[PDB]
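One chain is shown next in structure tokens, namely the form deposited in one PDB entry.
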């Protein structure tokens, strides 16, 4: 049966694919469509600049009516980001609105690496090591960005 959800996401896809952003991409799964797979690099000047990170966008049938949740498929270290591979971002909670598009969703997560949101220390460890052991932070980011290159 025709599903309006499915139709919306395939339109959104077509829009993103005719009008693509830079330093992020996103596409659906191969067979599933409630689950998209998306990618980000660090912008210039970040400790992440070379390294590439892999995400999934998790949608609902009441879409974009509910916030599209996001997961991190790859290991991620950031104070806004769970070990559980999820994103605390305030617009992805009660502050969402059906105005943000697939580019907008991803470009936020890119700039979030350059500028974390200290109003929400999701994993107090990451925020702790920022104030405490910034040199360990620098180590871990080189290591986590390095893990990107595990296929060569």
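Numbering follows the first chain given and starts at 1.
The same protein also has a form solved in complex with a partner chain, omitted here; what follows describes it.
Using a 4.5 Å heavy atom cut-off, are 121, 138 and 141 all in contact with its partner chain in the deposited complex?
No, none of the three is in contact.
Could you spot which one of 27, 83, 33, 91 gets a heavy atom to within 4.5 Å of its partner chain in the deposited complex?
Partner contact (heavy atom, 4.5 Å) among the options: 27.
Of 69, 37, 111, 117, the one that lies within 4.5 Å of its partner chain in the deposited complex (heavy atoms)
Selected option: 37.
Would you mind picking out the stretch of 121-129, 83-91, 97-105, 53-61 that comes within 4.5 angstroms of its partner chain in the deposited complex, counting non-hydrogen atoms?
Contact criterion met by 53-61 only.
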